[PDB]
Amino acid sequence: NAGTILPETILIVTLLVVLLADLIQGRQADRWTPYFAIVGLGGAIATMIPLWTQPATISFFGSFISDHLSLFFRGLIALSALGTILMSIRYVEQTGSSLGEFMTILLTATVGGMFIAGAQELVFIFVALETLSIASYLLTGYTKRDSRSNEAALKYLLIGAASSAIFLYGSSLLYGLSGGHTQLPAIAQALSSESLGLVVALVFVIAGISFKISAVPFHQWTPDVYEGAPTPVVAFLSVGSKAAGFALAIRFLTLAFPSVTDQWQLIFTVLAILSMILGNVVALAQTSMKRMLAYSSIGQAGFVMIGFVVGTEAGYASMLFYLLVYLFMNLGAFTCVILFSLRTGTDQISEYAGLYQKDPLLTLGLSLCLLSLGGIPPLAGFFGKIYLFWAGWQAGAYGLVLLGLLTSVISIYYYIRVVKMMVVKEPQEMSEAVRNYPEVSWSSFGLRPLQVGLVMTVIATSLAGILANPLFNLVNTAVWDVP
Amino acid sequence: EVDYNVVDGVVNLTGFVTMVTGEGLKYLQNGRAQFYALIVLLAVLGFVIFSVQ
Amino acid sequence: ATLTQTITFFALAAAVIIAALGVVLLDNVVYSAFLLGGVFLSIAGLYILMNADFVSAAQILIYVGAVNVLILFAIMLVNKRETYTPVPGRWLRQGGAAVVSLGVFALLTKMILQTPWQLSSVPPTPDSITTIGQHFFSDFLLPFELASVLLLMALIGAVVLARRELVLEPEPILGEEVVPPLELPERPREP
Amino acid sequence: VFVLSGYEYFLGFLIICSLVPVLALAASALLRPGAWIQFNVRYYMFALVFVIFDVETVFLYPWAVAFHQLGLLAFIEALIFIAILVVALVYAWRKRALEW
Amino acid sequence: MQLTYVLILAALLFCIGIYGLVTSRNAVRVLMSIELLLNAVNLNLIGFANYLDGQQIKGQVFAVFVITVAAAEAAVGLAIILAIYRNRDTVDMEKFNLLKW
């Protein structure tokens, strides 16, 4: 029955081959070992297309399901680590770190998140959440001599292992309210009473579900992890470690708690009406680009919950598609921050000022991924937000879309401010790259994976809204397996 | 001067009470990662008084 | 013959909560770290009282013998004789944590008592090393194979974050603009 | 209910062997009249490889006891657990972790 | 000793771990105070397995995996403190507030 975890066991083989080549060959292997992880992750995507037409089996004695939604969220998490290896092939190879030991942790957090999206038992959720979270503490402090990644490794551990203890306390009561029954469909037939034990079991699990996605009372690690961590890790913790948290929020709250359902549509409303506020107004007074993109992803996590709390077939399909186009924006925004940080140091805003005549592939690249996050037409993040507010307006929720619109205008102001300080600043107002840009080459080690990692996202940013009718049918067909 | 100062004073006040709202919650984060562990734990206590009534 | 299972419960339940206050409130950290074995042994005493002979014998091995030895090495490595005792650092935010911890405790006790549990009067543990091993290879198989992937990653990561950089500490590898060895290239700068 | 058999003598023997030092050190109590360790991270590194391998041993003890009542498919599955954690062992030798 | 008295033991063992998670000033005492939380979710878990679903223990299997995660989270967890101590030569959680705003 183990043909359904075949996308992950191509990554577990690939986890060992890119590790064993590090011990055998030893940093002469980094010339070829990043391209084997690409054909392992791409080989993991390529074998779900035989599995997409399969009739959604429940394998491994009820501990793992292979439904249509579990095939979808296993696609984005492998694709985000596909986009990260395209960035990190020069970045961490420029730090002086061994490149084989970085990918062995990153392709373990990838297999962690692929096993959350299809998990069905209370123990397999927790272990798969742990191996994504344990590998995420090691990546954020991986540079190990920075005095910023050291203090960002520890801020993520004393909250992550804390919230993995709150999450276990809600998993344990959920085993205790039912008479045993650690599987998630076996739970929901056993508890229906909506007592006080079920509510404490509900808030304690969405203190760990809504920590990966950084809802705003639990958002505190994200702006302090994201400016300390190495930047390709940040590119995975904003797309991969959020699609993994948004996949758990649908596999848990629609399976374990369908009896209590007016409450986790009300708690996630207060996480939605408050992460759109504090994600967007606090990103105004941020100087660093890696800290501006930190408060964006808190606020961009607030737009996804608008499709979550409404509870319709167009509701969940609107939050699946918005993550599908959010992968084409943060991996094209963080590609350009990396590409700017490798050429010159201190990649912060008010040092981008004076571009557009020195590296105009970056400036055209970074603009269409920052403008689309603010939702201007015709890019992907305009068509992504329209289907949110078409989903919010369909069934109640007249005030959730309106808060998602007055704060979609404040989001315009801090994305434009980078686009202002790239294309409108005259050649008498540039601070760095005052003839200090390195006279661009795209010929060194790993720069050509970065150039193909940016062009295939900017093309996938601008054209994903015009060509959205394939993706709207791929996503609406993944929702009929959600109760 | 009622154009440049009254009806231009309101529009230049929407852009002022949102910039000083940003510099008020910029001070919500202060380092000291134990204080971040309070707000995770206080909101757990908040939502279980919120949602039982 | 049954009251000696009640007296040995409350003598173990008071062995943990006086040691759990010891690992938190005590003024010295080595006296705090050694009492953590008092928590882990006394908790292992409760697992035998709850008919969990394998989970107790697996806890003295891991928590007392491996984790607590890992804690004690990681405290003899950092003493440095510089405590600096700045106790009134900024504010009295150690009383605000005493309200949330007392708040969660009074919250959980109201949940525990009033919730009707469906306790069964059947005899447990038919040799619970045989029915715990027929779970590892039928139902809990994929968490058992992922525990191997988690532990291998936890050895790759914990070695590269704690080992000594005696290979090449002064290594200027390359450059477009300057980057220090084993550091992220975004150099710190204040606007 | 307490359906463990054989633990009646374990509580008595826990007290009596605990009365071996506390009474003998009291039986002797009535008859008798530039400080640096160097921070060398090998005491941690030898103990980390213990924790990863004290947990591997725990996971194989339900397998070893209930082996000859499970079969071959539970031996292929239990070989993946050993063969992966061998790669953890080759990683510790090669990266000079347990060198001392 | 019934089922109820194990849970109030586990619910009290949790909240001493919370009080150490927020108040402790040594960087290592927060790691020991995390381990108290990962025992209170074990003392809750076996106690849910003895009185509920006694014939097939699904809790004592789930009690095994919590020990192996927390042993792997404290092996990772002390590697981080030992990377900080080589850069910042103290372990003081009121000294790691340099990523302020």
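Here the Cβ positions follow ideal geometry from the backbone for every residue, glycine too, while neighbour counts run over all protein chains shown. Please treat every number below as a calculation from the coordinates, not as lab data.
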Distance-filtered residues of the range E:70-101 - backbone nitrogen under 17 Å, label point 7 angstrom along C:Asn79 Cα→Cβ:
E:90-91
Chain C: relative contact order as a whole-number percent, Cα under 8 Å and 6+ apart
13 percent
Pairs over 31 Å Cα to Cα, from A:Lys144/B:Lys26; A:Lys358/D:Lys95; A:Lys242/A:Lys358, come to A:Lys358/D:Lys95; A:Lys242/A:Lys358
By the gyration tensor of its Cα atoms, with a ≥ b ≥ c the square roots of the eigenvalues, what is the shape of the range C:43-114: rounded for a/c under 1.5, prolate for a/b over b/c, or oblate?
oblate
Shielding by partners for A:113-124, please: the mean number of other protein chain Cβ atoms within 10 Å of each residue's Cβ.
3
Fewest to most neighbouring Cβ within 10 Å: what's the order for A:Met289, C:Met111?
C:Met111, A:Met289
Excluding same-chain residues fewer than 8 positions from A:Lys212, which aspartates and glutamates have a Cα within less than 20 Å of its Cα?
A:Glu121, A:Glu130, A:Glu151, A:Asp224, A:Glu227, E:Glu73
Looking at the square roots a ≥ b ≥ c of the eigenvalues of the Cα gyration tensor of the protein assembly as shown, which shape do they give, rounded for a/c under 1.5, prolate if a/b is larger than b/c, or oblate?
prolate
Dipole magnitude of the protein assembly as shown about its Cα centre, charges +1 at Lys/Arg Cβ and -1 at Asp/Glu Cβ only, in debye to the nearest 20?
1080 debye
Build a GNM of chain C with springs between Cα atoms under 10 Å: which of C:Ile71, C:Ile60, C:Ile112 gets the top mean-square fluctuation?
C:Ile112
Quick one: A:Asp22, C:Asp127, A:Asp359, fewest Cβ neighbours within 10 Å first, how do they rank?
C:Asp127, A:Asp359, A:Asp22
Dipole axis of chain A (+1 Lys, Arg; -1 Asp, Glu on Cβ), positive-most option in A:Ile116, A:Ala244, A:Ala37:
A:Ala37
Which net charge results when you count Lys and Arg as +1 and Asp and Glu as -1 among the other residues whose beta-carbon is under 11 Å from that of A:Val479?
-3
The range A:236-271 versus the range A:13-56: alpha-carbon centroid distance in Å
30 Å
What percent does the relative contact order of chain A come to when contacts are Cα pairs within less than 8 Å and at least six residues apart?
15 percent
For the pair C:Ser138 and D:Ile37, what calculated FRET efficiency results from E = 1/(1 + (r/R0)^6), where r is the Cβ-Cβ distance and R0 = 41 Å, to the nearest 0.05?
0.25
Determine the distance separating the Cα centre of the range A:421-483 from the Cα centre of the range C:30-76; give it in Å without decimals.
51 Å
FRET efficiency for B:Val6 and A:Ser431, using Cβ-Cβ distance with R0 set to 60 Å, rounded to 0.05
0.95
Shielding by partners, peptide A:190-201 (average Cβ within 10 angstrom, other chains):
4
For chain E, built as a Gaussian network whose Cα springs stay under 10 Å, the top-fluctuating residue of E:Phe48, E:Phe65, E:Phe14
E:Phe65
Kindly provide the helix-only [θ] at 222 nm of chain A, computed as the sum of -39,500 (n - 2.57) over DSSP H runs of four or more divided by all residues, to the nearest 500 deg cm²/dmol?
-21500 deg cm²/dmol
Would you please give the FRET efficiency between B:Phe50 and A:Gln394, computed as 1/(1 + (r/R0)^6) with r the Cβ-Cβ distance and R0 = 35 Å, to the nearest 0.05?
0.85
How many Cβ atoms of partner chains, on average, are near each residue of C:5-16 if near means within 10 Å of its Cβ?
3
If we count other beta carbons within 10 Å of each Cβ, what is the order of A:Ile386, E:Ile67, fewest first?
A:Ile386, E:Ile67
Using only Cα atoms and rounding to the nearest 10 degrees, what angle (0 to 90) does helix C:36-49 make with the longest principal axis of chain C?
30 degrees
For C:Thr109 paired with A:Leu16, estimate the spin-label separation in nm (one decimal), with each label point 7 Å from Cα along the Cα-to-Cβ line.
5.2 nm
Rounded, prolate or oblate: which one fits chain B, using the alpha carbon gyration tensor with axes a ≥ b ≥ c (rounded when a/c is under 1.5, else prolate when a/b beats b/c, else oblate)?
oblate
To the nearest 20 debye, what is the magnitude of the charge dipole of chain A about its Cα centre, counting +1 on the Cβ of each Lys and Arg and -1 on the Cβ of each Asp and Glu?
620 debye
Compute the separation of the alpha-carbon centres of the range E:61-101 and the range A:205-219 and state it in Å as a whole number.
20 Å
In degrees, nearest 10, the alpha-carbon axis of helix C:3-20 is tilted away from the dominant principal axis of the alpha carbons of chain C by 20 degrees
Net charge near A:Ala2 (other residues with Cβ under 13 Å of its Cβ; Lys, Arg +1; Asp, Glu -1) is -3
In degrees, nearest 10, the alpha-carbon axis of helix B:33-50 is tilted away from the dominant principal axis of the alpha carbons of chain B by 80 degrees
Work out how much length E:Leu3 to E:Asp92 would gain on full extension: take 0.36 nm times their residue separation and subtract the Cα-Cα distance, in nm to one decimal.
28.0 nm
